[PDB]
Amino acid sequence: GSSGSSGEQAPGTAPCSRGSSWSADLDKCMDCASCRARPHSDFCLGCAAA
């Protein structure tokens with residue numbers, strides 16, 4: 001309705017869904033939505049081969 005996007009630590013235990021990458025620096029998984037505008041991401045760069 002108003003608030004309810006994250007939920008009960010949904011992504012807590014479970015890994016990141018196809019699209020997002022784990023970010024040790026931010027101890028959280030970032031979504032591509034950030035890589036698209038910011039390709040200088042380490043969570044997607046250090047994780048991906050290239």
# chains A, B, ... in the order shown; residues from 1 in each chain; ligands from 1
>>> residues_around(residues="residue 25 (chain A)", least_positions_apart="5", cutoff="12 Å", atoms="only C-alpha atoms", output="PyMOL selection string")
chain A and resi 30+41-44+46
>>> write_last_selection(atoms="N, CA, C and O atoms", output="tab-separated table (two decimals), in the first residue's frame")
chain	number	residue	atom	x	y	z
A	30	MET	N	23.61	-4.55	-4.80
A	30	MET	CA	23.13	-3.43	-5.60
A	30	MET	C	22.44	-3.91	-6.87
A	30	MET	O	22.84	-4.92	-7.46
A	41	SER	N	30.83	0.68	-10.83
A	41	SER	CA	30.47	-0.09	-9.65
A	41	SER	C	31.45	-1.24	-9.43
A	41	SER	O	31.86	-1.91	-10.37
A	42	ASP	N	31.82	-1.45	-8.17
A	42	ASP	CA	32.76	-2.52	-7.82
A	42	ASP	C	32.01	-3.82	-7.53
A	42	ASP	O	32.57	-4.91	-7.67
A	43	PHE	N	30.76	-3.70	-7.12
A	43	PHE	CA	29.94	-4.86	-6.81
A	43	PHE	C	29.60	-5.64	-8.08
A	43	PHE	O	29.30	-6.84	-8.02
A	44	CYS	N	29.64	-4.96	-9.21
A	44	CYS	CA	29.33	-5.59	-10.49
A	44	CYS	C	30.60	-5.83	-11.30
A	44	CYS	O	30.65	-6.71	-12.16
A	46	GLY	N	33.95	-6.21	-9.80
A	46	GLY	CA	34.73	-7.22	-9.12
A	46	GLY	C	34.07	-8.58	-9.13
A	46	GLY	O	34.74	-9.61	-9.01
>>> select_by_dssp(residues="chain A", states="strand (DSSP E)", output="MDAnalysis selection string")
chainID A and resid 21:23 28:30
>>> select_by_dssp(residues="chain A", states="alpha helix (DSSP H)", output="NGL selection string")
:A and (10-13 or 32-37 or 42-45)
>>> write_last_selection(atoms="C-alpha atoms", output="tab-separated table (two decimals), in the first residue's frame")
chain	number	residue	atom	x	y	z
A	10	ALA	CA	13.94	-10.82	2.35
A	11	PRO	CA	17.32	-10.52	0.58
A	12	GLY	CA	18.92	-11.03	3.98
A	13	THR	CA	19.93	-14.69	3.95
A	32	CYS	CA	21.66	-2.98	-12.12
A	33	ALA	CA	19.60	0.21	-11.91
A	34	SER	CA	22.77	1.59	-10.33
A	35	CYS	CA	25.27	0.06	-12.75
A	36	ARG	CA	23.35	1.41	-15.74
A	37	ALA	CA	23.86	5.01	-14.61
A	42	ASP	CA	32.76	-2.52	-7.82
A	43	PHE	CA	29.94	-4.86	-6.81
A	44	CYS	CA	29.33	-5.59	-10.49
A	45	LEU	CA	32.90	-5.16	-11.72
>>> closest_residue(among="A:16, A:21, A:3, A:26", to="residue 48 (chain A)", atoms="only C-alpha atoms")
A:21
>>> atom_distance(atom1="CA of residue 22 (chain A)", atom2="CA of residue 1 (chain A)")
28.2 Å
>>> atom_distance(atom1="CA of residue 2 (chain A)", atom2="CA of residue 14 (chain A)")
24.7 Å
>>> atom_distance(atom1="CA of residue 19 (chain A)", atom2="CA of residue 7 (chain A)")
18.8 Å
